[PDB]
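These notes concern the structure reproduced below.
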Amino acid sequence: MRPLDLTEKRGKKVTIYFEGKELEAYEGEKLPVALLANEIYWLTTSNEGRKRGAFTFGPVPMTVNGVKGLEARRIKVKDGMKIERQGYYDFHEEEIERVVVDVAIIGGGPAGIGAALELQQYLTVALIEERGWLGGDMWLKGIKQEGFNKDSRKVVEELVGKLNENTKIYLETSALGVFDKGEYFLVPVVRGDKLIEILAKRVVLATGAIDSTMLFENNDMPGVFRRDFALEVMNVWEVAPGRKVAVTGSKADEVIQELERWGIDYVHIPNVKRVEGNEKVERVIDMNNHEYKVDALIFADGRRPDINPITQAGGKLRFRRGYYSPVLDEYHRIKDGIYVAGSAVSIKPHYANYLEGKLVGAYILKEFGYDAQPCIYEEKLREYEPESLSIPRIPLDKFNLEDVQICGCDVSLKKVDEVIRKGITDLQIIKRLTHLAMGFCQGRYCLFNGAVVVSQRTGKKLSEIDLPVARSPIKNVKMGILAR
Amino acid sequence: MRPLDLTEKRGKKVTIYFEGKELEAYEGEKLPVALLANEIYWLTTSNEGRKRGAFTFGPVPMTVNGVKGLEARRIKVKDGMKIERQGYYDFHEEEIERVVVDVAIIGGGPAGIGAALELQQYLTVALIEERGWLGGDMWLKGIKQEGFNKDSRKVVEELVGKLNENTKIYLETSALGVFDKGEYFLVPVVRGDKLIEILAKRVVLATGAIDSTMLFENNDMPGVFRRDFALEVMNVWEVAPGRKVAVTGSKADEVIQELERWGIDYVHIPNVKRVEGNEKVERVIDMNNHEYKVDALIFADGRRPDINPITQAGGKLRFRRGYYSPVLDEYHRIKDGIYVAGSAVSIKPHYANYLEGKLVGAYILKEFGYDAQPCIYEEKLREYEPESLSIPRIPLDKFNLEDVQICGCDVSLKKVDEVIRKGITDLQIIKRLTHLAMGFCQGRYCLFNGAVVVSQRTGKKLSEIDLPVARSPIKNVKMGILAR
Amino acid sequence: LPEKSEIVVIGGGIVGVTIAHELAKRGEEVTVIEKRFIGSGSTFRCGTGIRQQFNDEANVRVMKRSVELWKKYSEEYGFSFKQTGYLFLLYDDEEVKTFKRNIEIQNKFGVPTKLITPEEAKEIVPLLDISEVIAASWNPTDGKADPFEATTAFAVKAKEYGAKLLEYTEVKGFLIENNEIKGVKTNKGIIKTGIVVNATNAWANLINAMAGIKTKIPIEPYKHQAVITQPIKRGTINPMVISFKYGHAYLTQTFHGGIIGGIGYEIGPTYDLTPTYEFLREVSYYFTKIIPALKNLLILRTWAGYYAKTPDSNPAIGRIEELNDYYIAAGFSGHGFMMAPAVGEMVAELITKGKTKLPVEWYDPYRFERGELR
Amino acid sequence: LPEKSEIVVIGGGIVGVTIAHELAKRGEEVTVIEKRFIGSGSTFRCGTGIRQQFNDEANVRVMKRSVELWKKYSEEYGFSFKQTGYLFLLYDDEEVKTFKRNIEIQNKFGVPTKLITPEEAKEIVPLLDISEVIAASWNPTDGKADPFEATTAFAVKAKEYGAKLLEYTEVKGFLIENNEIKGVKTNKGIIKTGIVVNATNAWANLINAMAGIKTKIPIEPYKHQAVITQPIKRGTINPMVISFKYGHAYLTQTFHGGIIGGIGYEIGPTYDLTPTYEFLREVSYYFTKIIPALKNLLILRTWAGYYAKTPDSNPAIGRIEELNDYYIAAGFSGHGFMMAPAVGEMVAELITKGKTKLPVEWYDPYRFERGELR
Ligand SMILES: Cc1cc2nc3c(=O)[nH]c(=O)nc-3n(C[C@H](O)[C@H](O)[C@H](O)COP(=O)(O)OP(=O)(O)OC[C@H]3O[C@@H](n4cnc5c(N)ncnc54)[C@H](O)[C@@H]3O)c2cc1C
Ligand SMILES: Cc1cc2nc3c(=O)[nH]c(=O)nc-3n(C[C@H](O)[C@H](O)[C@H](O)COP(=O)(O)OP(=O)(O)OC[C@H]3O[C@@H](n4cnc5c(N)ncnc54)[C@H](O)[C@@H]3O)c2cc1C
Ligand SMILES: Cc1cc2nc3c(=O)[nH]c(=O)nc-3n(C[C@H](O)[C@H](O)C(O)COP(=O)(O)O)c2cc1C
Ligand SMILES: Cc1cc2nc3c(=O)[nH]c(=O)nc-3n(C[C@H](O)[C@H](O)C(O)COP(=O)(O)O)c2cc1C
Ligand SMILES: Nc1ncnc2c1ncn2[C@@H]1O[C@H](COP(=O)(O)OP(=O)(O)OP(=O)(O)O)[C@@H](O)[C@H]1O
Ligand SMILES: Nc1ncnc2c1ncn2[C@@H]1O[C@H](COP(=O)(O)OP(=O)(O)OP(=O)(O)O)[C@@H](O)[C@H]1O
Ligand SMILES: [Cl-]
Ligand SMILES: [Cl-]
Ligand SMILES: [Fe+3]
Ligand SMILES: [Fe+3]
């Protein structure tokens, strides 16, 4: 057992080296998780000298066997592996498959599975998921779940269990976007390092929501965990974020329930001002200047639909219930032939998103001439009012602005605030002046916040501040993979 | 200047006596406010021995010149006045007007005024308000307001300014409910001690929202101020809640902005566990057991539509956006001939509620054959998404339950929790077993909380826990006033 | 949900549960079927009973007995029944003569009511305006109890003694073979039984209809109303005070401190609840005539409930002969709460022995078609 | 919003503002009218300029001059213009002969370009794959600058010098009296003026249409595209590297560290932006042929913008004679950012003196109807 193991691992034991030090890991574990288990948090430094971990926004470039600039999260641990830290900008110096399919479902959470289950009654589908497992956010929980009155992870197993050979599953697979060729849609997809082109008649974006990022002082430092990452390490791998854990944000109960299940000690800090520490977090300070000693901070401030795949697919947005949503016709369509389902549509219980996927799959099944009954899913859905999110009042005056990070790359809240103060309110321009939303997330974890700041400094309402649209490759792909 | 005066009062000086002590007050001031100015908070004791003030839920019975059981809030201060404390249940032992009118508007906030302004173009209306001033909640603010880009209280003056002789205003007037006689509606009304019967063809409920009550330990003790009361004493009268003030709840900024305007020092406690003190508050303790020394606590946790007048008028309810609302047809009607407008309908900016009142007045104007254009108000309204409210997770396990008060009368959270624990989930029964919602508020400040507790202990969703309806006199009336 | 039961009582109000209660402690197996919760319905909207001052032998004997059972079960199950008396205020020789006559019959059968003096009436209830009261009818062994408290108590004991009490369970029909009852059809399946008791007073007709009873048993729901004031010092108004002259007003103080009451004001055969402005005005006028201090008291709420009225204001309690093992105990016309313990006893004995100690035949189900009103 | 202005420049991109800038520092009164924000449009989507390696006298002289103005204004206003060179990679004798010939003409007019060696090309840009490059055209005084940074800079100076820059202000029509311009009609009122300059390149036709210009000045918007990679060590790729053989690829590193670039891949006359999968594939193929290390680099985003193309890839810059005081500076066909400082100078002189130092007549608006393509 390593110090942060929640279980004794029974996988094949393996040995790796971090900065020369000999560490034990298990086969199949991903680099940052093996290092966490061994109490190692600080994995890289940004170009302007900011220490960083793997469990919040931003990329983790690491030298993995003399090969510079590999992404830590993507790398499985391997016996004899030589791992080292490096600069942010340090790079290394040194057979297309075509598959035709009826629908192409992007995203493998409850919505995606839902759609696939409905669809494979008669059609051939691609279920595309970049994640390596086929649950959704649901596979991150293991707490009993409403709707299917049954344990979160047990439901996923049941559902995956029910998939046909009519469903081609694509794990560890990144969709690069959707391209309408009139007669079909092209969804180019990357798995391992092969490019696969999926030509489909229909598409469904079952694309999910992403966790909102909280603005407080060293919010990027090692040992801060965004909700999803904390749940992943605890529930998927079985590793604690730390020995004693601070928890914050408006959905902190979801996290606390997991902590309690695993018996991980914690404090609940409703309003975080700052985190401090040399390599990692060791104190958090609240808005009343109270300090708490802890090894990690976990924040959970609500999920918001990931709008990138929507807007690259050519969909339009609406602001409602504290977040941006897809504008849909009466059939959950973004545009003719592209359906949207799940937490991509709105925030609501897993079961609801599951139904919406079935709903969306049923419409296309009806399109195809099969006798489906989308409305039974429709009427089940209405039983679930979509959730709201409070819009954050960022106490700008009360923060030391250069310490609070807005995006992954450079980009402090101060830089953004500065340009707004000089009159610029158009996010298009803000994007260019500061590098907000130009980093390796494409604004996923910062655009909305940038908007909130403009809105706050301006008085201009959020339902009027329109968002820069997502462009060509919605996910990072390198570049060799795309020739010839 | 008395110690808690925010201004030097230039009204006619007067002198009163509290428990024998000689105090200075000004003419027109209401009893509890004069006593606050003179740093006196504890005004009564409940039947089970709980000390109480005037600025949260519950009645304030006081002996006012040897006459026992008069209500403090209703009594204007008068020269030579002899005021004393008394038991809760201590009582004293010792020409109907008929007015016919086209509409009868109940409630004199922006919605009511809005309706009246629209209506008096051609119709005769009664504007009924129990409050003594004709603003709404708006008259409690004096901060610049969106919509009419202009100071809150300046807008009210402008609007009242514009009222015809076609509008009979009834200040300090309590409507007892609405009674459909088919050919007209009867709205019996009490002013001073005369009963007035208003017979109207149409009615509009412009009835308002009420501030939610927060559940924490001594939430009823003297020196706790509900949002509306704190704003009233500060902005209407010009008296501070205390020299140094704790502020809590999710709408705490509204309050902080007023505090800052008046230069009243304060602390912001996001999560209150307890308040303590002998006669008054002197410390608040948070969920992490931090103490703060203060003279008062102000809580502002959101307003919710007052549903009483709605359900006594025979309207039905819907749960949405964290609160119960009236079910309306496509014309803002609860029932044929009864319109609903303002924060009675939903939570939204003052200006929106103003428009809704105009909207509602326009429909009835159209009903009457006049050429009105309700839709221009309609389309203006859509520019305003109605606000949500978070549903409170009451940390029941973390509270000492017998100290946290749910309703005005007896009724601790413990009493309610007990009966729920013994299997009872029907609020009808809870109402009867504990005396929840049987006190002199009729559940206004506790029914919803009672529901939240059931829901929390049960798992049963709030959109399924139906609410005991409001009955005969929606406001307290005594009893002599109703003979012959 | 049981599937067979020796006896099925329909309705779980004071009457229904009180009957089950007797049957169960007598060793019999009973299940009550209530469509909402135990004690919803009139029992939930009820005043505070309980009186022996009636005007005919049967009712006086039944209530004398009933009060004995209130004393017994009150302390035996710990549910609280204060014997604070009932006080009928009288204002003229007309009334005095009539009550002199009522008291006389009360006395014969062991209900020791006294005709009393205005000043005596004012000792009890000091706040009574005595100026036009010329005598009062007083009995110190009448009292008041909380109908909900008392029903729930009898309920948990009935269960303890082995009764099944079924709550969100509505009767919809009957399986009737020949003239044998075979089953009671519900919204949750059928229960096999040969003996059923209809205790649904306001709804009695509905149950009678489902049973195919062809005997005219006229029981109509009428809207009666009540008021509650703000709480007041304990023991300010102890007995139930009645004033026939001032609009059949009744008022007393609750255990909470309330002062509860209503008046005669009846609204024609309806199932409608929902209070009325006219009642609000009238009750205020009547109460403040009878005790003037009430003028300074806040009214908090008003509500409504059913009287299940018969043409002679007496219930129908008996065996219906043409359906095999059908009984009725319904139509208590405003005073069925106070009777309940005794009717429980009577119905049990009917089921159980075929006859009763008390004069149950006064409440003959057949009296109405026979033309014999009491 | 002014109501009279001596000169009105339509369009506030690099060209529009750069023209205003010259006019204003020359003492003239200018207001620019931009329908969105200063520097939106192609300037906002633009690569990083700036080149003197053209194939004819006029363009070479204009760009030589232009580069002098880039040096001057760059340091004088503090906006940053790195002279890292332009590098044309050559692969065959065909190309070598042609460039030998281009360089020759470049040299005559004071642009000291050298034909260079593969290994020399690889010293500059160490990551260049040199295996099939046989020579390269190199000029060390070509460079790159941020079009947005540079436009905003010229913008604030133009204002400082007294120019009015109107932002959310669209031109919709013209008040034309005889053949006199009298006013420019907008979405926010009319502005009186006698002299207008059309600098809206992709939109030039629209403005020409509103003006009633009957001369054929064919300028079509075409969709060109660009890619940006993840940031990389500073100074990894310094000059703009061009490869005609590999799909008219151009790539260089941004000041942020990006490596930006595009290819020839043109999409027929359209106003559509929105990138395409086919461009994504092609750029990846071409870039990785030219510098192989790019294979390991993440692509972050792709975008599109307009080339405002003419039939001979040269702008139309001149006075239109039949409308009184109408000028055009539009149709820069992909290299209008680099030209801007010089065209500013030229247009100013036209307005101001009636003729220009530089050979502005090469860009004759009338050449197309006359049949004279360059
Ligand atoms: C305002 C008011 C004041 C009163 N004050 C007094 C008083 O002071 N003293 C006094 O003695 N009496 C009083 N009464 C009358 C007293 O409430 C009734 O006499 C008494 O409640 C009758 O009890 P019950 O069980 O017969 O009727 P209920 O309490 O109505 O019980 C009948 C039950 O049968 C159920 N039911 C109906 N249909 C079905 C079905 N199909 N299936 C299953 N269940 C069904 C109903 O749900 C109901 O709960 C008062 C009544 C009112 C309205
Ligand atoms: C991908 C790409 C890369 C490029 N790379 C380079 C490069 O490396 N070097 C180089 O020199 N050039 C490059 N270019 C071309 C360069 O962007 C253009 O030549 C240059 O921006 C032209 O500037 P402009 O001011 O004439 O046009 P614009 O920048 O488009 O300005 C015209 C303005 O007129 C405005 N307008 C239009 N209609 C109206 C109206 N009715 N009223 C008011 N305003 C109106 C528009 O809003 C617009 O802002 C590149 C272009 C693209 C697309
Ligand atoms: C010089 C230049 C540099 C750019 N750098 C980046 C970058 O570093 N990251 C990024 O995501 N986009 C970058 N872009 C693309 C911008 O997002 C660009 O303005 C754009 O995408 C146009 O907006 P649209 O895609 O919404 O139409 C750059 C564009 C230019 C012209
Ligand atoms: C014995 C008794 C006491 C009551 N006491 C009170 C009371 O103190 N306060 C109150 O508001 N209502 C009181 N009520 C009225 C209840 O709210 C009653 O159950 C009722 O209003 C019926 O429900 P409804 O009005 O929703 O139909 C009392 C009712 C009864 C029968
Ligand atoms: N471009 C993409 N390529 C492949 N997978 C993607 C892409 N974008 C998003 N996804 C995946 O889509 C999945 C979204 O599932 P998620 O569980 O978040 O939402 P859901 O299925 O609507 O239901 P719920 O949100 O309730 O779990 C995630 O697993 C995410 O990795
Ligand atoms: N029964 C009643 N009799 C007389 N007045 C009443 C009665 N019930 C509510 N009111 C009054 O109605 C008014 C409601 O106005 P309020 O300002 O709360 O809402 P609004 O006019 O919809 O707009 P806003 O909520 O934005 O101010 C209050 O002044 C309240 O005192
Ligand atoms: Cl009855
Ligand atoms: Cl161009
Ligand atoms: Fe980013
Ligand atoms: Fe209450």
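Convention: chains lettered A, B, ... in structure tokens order; per-chain residue numbering from 1; ligands numbered from 1 as shown.
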Output the contact residues of chain A with respect to chain D at a cut-off of 8 Å, based on only C-alpha atoms, as an NGL selection string.
:A and (89-94 or 179 or 439-440 or 442 or 471-484)
Write the residues you've just listed into a file as a PDB file, in the first residue's frame, and include N, CA and C atoms for each of them.
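Written file, part_27.pdb:
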ATOM      1  N   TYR A  89       6.833  24.406 -22.673  1.00  0.00           N
ATOM      2  CA  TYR A  89       6.974  24.486 -24.120  1.00  0.00           C
ATOM      3  C   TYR A  89       8.066  23.571 -24.645  1.00  0.00           C
ATOM      4  N   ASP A  90       8.492  22.616 -23.828  1.00  0.00           N
ATOM      5  CA  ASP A  90       9.505  21.686 -24.277  1.00  0.00           C
ATOM      6  C   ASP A  90       8.890  20.547 -25.056  1.00  0.00           C
ATOM      7  N   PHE A  91       9.290  20.462 -26.320  1.00  0.00           N
ATOM      8  CA  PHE A  91       8.790  19.447 -27.229  1.00  0.00           C
ATOM      9  C   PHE A  91       9.879  18.464 -27.633  1.00  0.00           C
ATOM     10  N   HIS A  92       9.428  17.311 -28.110  1.00  0.00           N
ATOM     11  CA  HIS A  92      10.287  16.306 -28.698  1.00  0.00           C
ATOM     12  C   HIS A  92      10.556  16.666 -30.150  1.00  0.00           C
ATOM     13  N   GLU A  93      11.682  16.205 -30.681  1.00  0.00           N
ATOM     14  CA  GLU A  93      12.141  16.635 -31.998  1.00  0.00           C
ATOM     15  C   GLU A  93      11.984  15.639 -33.174  1.00  0.00           C
ATOM     16  N   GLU A  94      11.615  14.385 -32.904  1.00  0.00           N
ATOM     17  CA  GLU A  94      11.425  13.371 -33.953  1.00  0.00           C
ATOM     18  C   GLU A  94       9.989  12.816 -33.988  1.00  0.00           C
ATOM     19  N   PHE A 179     -18.784  17.330 -39.531  1.00  0.00           N
ATOM     20  CA  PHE A 179     -18.695  18.006 -40.823  1.00  0.00           C
ATOM     21  C   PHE A 179     -19.754  17.485 -41.757  1.00  0.00           C
ATOM     22  N   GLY A 439      -6.028  28.517 -24.991  1.00  0.00           N
ATOM     23  CA  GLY A 439      -5.001  27.612 -24.404  1.00  0.00           C
ATOM     24  C   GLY A 439      -5.495  26.230 -24.861  1.00  0.00           C
ATOM     25  N   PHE A 440      -5.025  25.139 -24.211  1.00  0.00           N
ATOM     26  CA  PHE A 440      -5.252  23.834 -24.800  1.00  0.00           C
ATOM     27  C   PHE A 440      -6.646  23.287 -24.417  1.00  0.00           C
ATOM     28  N   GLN A 442      -9.400  25.684 -25.155  1.00  0.00           N
ATOM     29  CA  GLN A 442     -10.403  26.291 -26.028  1.00  0.00           C
ATOM     30  C   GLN A 442     -11.564  26.939 -25.238  1.00  0.00           C
ATOM     31  N   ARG A 471     -14.170  26.071 -32.817  1.00  0.00           N
ATOM     32  CA  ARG A 471     -13.686  25.901 -34.190  1.00  0.00           C
ATOM     33  C   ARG A 471     -13.086  24.520 -34.476  1.00  0.00           C
ATOM     34  N   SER A 472     -12.300  24.433 -35.548  1.00  0.00           N
ATOM     35  CA  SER A 472     -12.109  23.182 -36.290  1.00  0.00           C
ATOM     36  C   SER A 472     -11.981  21.927 -35.495  1.00  0.00           C
ATOM     37  N   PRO A 473     -10.782  21.646 -34.916  1.00  0.00           N
ATOM     38  CA  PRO A 473     -10.691  20.411 -34.123  1.00  0.00           C
ATOM     39  C   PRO A 473     -11.162  20.733 -32.717  1.00  0.00           C
ATOM     40  N   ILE A 474     -12.302  20.187 -32.307  1.00  0.00           N
ATOM     41  CA  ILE A 474     -12.841  20.508 -30.983  1.00  0.00           C
ATOM     42  C   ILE A 474     -11.972  19.917 -29.867  1.00  0.00           C
ATOM     43  N   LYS A 475     -11.198  18.894 -30.215  1.00  0.00           N
ATOM     44  CA  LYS A 475     -10.212  18.333 -29.316  1.00  0.00           C
ATOM     45  C   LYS A 475      -8.834  18.394 -29.948  1.00  0.00           C
ATOM     46  N   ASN A 476      -7.815  18.619 -29.114  1.00  0.00           N
ATOM     47  CA  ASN A 476      -6.419  18.634 -29.544  1.00  0.00           C
ATOM     48  C   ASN A 476      -6.052  17.349 -30.252  1.00  0.00           C
ATOM     49  N   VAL A 477      -5.463  17.497 -31.426  1.00  0.00           N
ATOM     50  CA  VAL A 477      -4.909  16.383 -32.174  1.00  0.00           C
ATOM     51  C   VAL A 477      -3.556  16.830 -32.729  1.00  0.00           C
ATOM     52  N   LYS A 478      -2.612  15.912 -32.782  1.00  0.00           N
ATOM     53  CA  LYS A 478      -1.293  16.248 -33.286  1.00  0.00           C
ATOM     54  C   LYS A 478      -0.991  15.327 -34.413  1.00  0.00           C
ATOM     55  N   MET A 479      -0.272  15.746 -35.442  1.00  0.00           N
ATOM     56  CA  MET A 479      -0.624  16.750 -36.411  1.00  0.00           C
ATOM     57  C   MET A 479      -0.147  15.757 -37.454  1.00  0.00           C
ATOM     58  N   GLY A 480       0.899  15.024 -37.058  1.00  0.00           N
ATOM     59  CA  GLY A 480       1.347  13.824 -37.742  1.00  0.00           C
ATOM     60  C   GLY A 480       0.201  12.861 -38.003  1.00  0.00           C
ATOM     61  N   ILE A 481      -0.658  12.670 -37.000  1.00  0.00           N
ATOM     62  CA  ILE A 481      -1.842  11.814 -37.111  1.00  0.00           C
ATOM     63  C   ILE A 481      -2.734  12.221 -38.285  1.00  0.00           C
ATOM     64  N   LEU A 482      -2.655  13.474 -38.712  1.00  0.00           N
ATOM     65  CA  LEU A 482      -3.504  13.958 -39.790  1.00  0.00           C
ATOM     66  C   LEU A 482      -2.871  14.010 -41.197  1.00  0.00           C
ATOM     67  N   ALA A 483      -1.685  13.416 -41.381  1.00  0.00           N
ATOM     68  CA  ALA A 483      -1.116  13.161 -42.726  1.00  0.00           C
ATOM     69  C   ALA A 483      -0.949  11.650 -42.999  1.00  0.00           C
ATOM     70  N   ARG A 484      -0.904  11.165 -44.249  1.00  0.00           N
ATOM     71  CA  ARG A 484      -1.602  11.676 -45.427  1.00  0.00           C
ATOM     72  C   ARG A 484      -2.863  10.848 -45.396  1.00  0.00           C
TER      73      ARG A 484
END
So that I can check the surroundings of residue 244 (chain A), please list as a count of residues only every protein, DNA and RNA residue that reaches within 6 Å of it, counting only C-alpha atoms and ignoring chain neighbours fewer than 4 positions away.
4
Excluding residue 306 (chain A) and residues on its chain fewer than 6 positions from it, collect all residues at most 7 Å away from it, counting only C-alpha atoms, and give them as a count of residues only.
5
Please identify the helix (DSSP H, G or I) residues within region 1-223 of chain D (assignment by DSSP from backbone atoms) and present them as a ChimeraX atom specification.
/D:14-25,42-45,57-77,93-108,118-123,147-160,201-211
Please return, as a ChimeraX atom specification, all residues of chain B lying within 9 Å of chain A when only C-alpha atoms are considered.
/B:267-271,287-288,290,320-321,385,387-390
Just-selected residues, N, CA, C and O atoms written as a compact mmCIF listing (two decimals), in the first residue's frame:
# COMPACT_ATOMS: atom_id res chain seq x y z
N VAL B 267 -19.97 42.22 9.55
CA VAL B 267 -19.28 41.01 9.05
C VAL B 267 -20.22 40.16 8.22
O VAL B 267 -21.41 40.08 8.51
N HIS B 268 -19.67 39.49 7.22
CA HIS B 268 -20.42 38.61 6.31
C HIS B 268 -20.16 37.14 6.71
O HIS B 268 -19.07 36.62 6.51
N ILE B 269 -21.16 36.50 7.32
CA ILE B 269 -21.03 35.11 7.77
C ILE B 269 -21.84 34.22 6.84
O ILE B 269 -23.06 34.10 7.00
N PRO B 270 -21.18 33.56 5.87
CA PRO B 270 -21.93 32.84 4.86
C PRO B 270 -22.81 31.72 5.42
O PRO B 270 -23.83 31.38 4.81
N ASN B 271 -22.43 31.15 6.56
CA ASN B 271 -23.12 29.98 7.09
C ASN B 271 -23.28 30.00 8.61
O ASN B 271 -22.40 29.54 9.34
N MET B 287 -20.65 27.53 11.09
CA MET B 287 -20.61 26.06 11.02
C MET B 287 -19.24 25.47 11.34
O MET B 287 -19.12 24.28 11.57
N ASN B 288 -18.21 26.31 11.35
CA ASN B 288 -16.90 25.89 11.77
C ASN B 288 -16.56 26.40 13.16
O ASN B 288 -15.39 26.49 13.52
N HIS B 290 -16.52 29.33 14.52
CA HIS B 290 -15.92 30.65 14.70
C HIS B 290 -16.94 31.60 15.29
O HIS B 290 -18.09 31.60 14.86
N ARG B 320 -41.79 25.31 -8.96
CA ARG B 320 -40.79 25.58 -10.00
C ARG B 320 -39.80 26.64 -9.55
O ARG B 320 -40.19 27.61 -8.90
N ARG B 321 -38.54 26.45 -9.93
CA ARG B 321 -37.46 27.39 -9.66
C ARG B 321 -37.21 27.57 -8.18
O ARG B 321 -36.78 28.63 -7.76
N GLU B 385 -35.88 36.77 -17.24
CA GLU B 385 -36.03 35.40 -16.82
C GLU B 385 -36.29 35.42 -15.33
O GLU B 385 -35.55 36.05 -14.59
N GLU B 387 -36.17 34.46 -11.53
CA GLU B 387 -35.08 33.94 -10.70
C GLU B 387 -35.38 32.62 -10.02
O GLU B 387 -36.53 32.33 -9.70
N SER B 388 -34.33 31.83 -9.79
CA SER B 388 -34.44 30.59 -9.01
C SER B 388 -34.03 30.81 -7.56
O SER B 388 -33.44 31.82 -7.21
N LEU B 389 -34.37 29.85 -6.72
CA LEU B 389 -33.88 29.83 -5.36
C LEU B 389 -33.34 28.44 -5.11
O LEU B 389 -34.00 27.45 -5.43
N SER B 390 -32.14 28.38 -4.54
CA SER B 390 -31.60 27.13 -4.05
C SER B 390 -32.50 26.59 -2.95
O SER B 390 -33.01 27.34 -2.12
Mind listing the residues within 6 Å of ligand 1, only C-alpha atoms and all ligand atoms counted, as a ChimeraX atom specification?
/C:10-16,33-36,39-43,45-50,170-172,199-201,203,224-226,304-307,330,332,334-338
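We find CA of residue 5 (chain A) and CA of residue 152 (chain A) to be spaced 21.9 Å apart.
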Test item: residues lying within 8 Å of ligand 10 with only C-alpha atoms and all ligand atoms, as number ranges by chain
B: 58, 407-409, 436-446
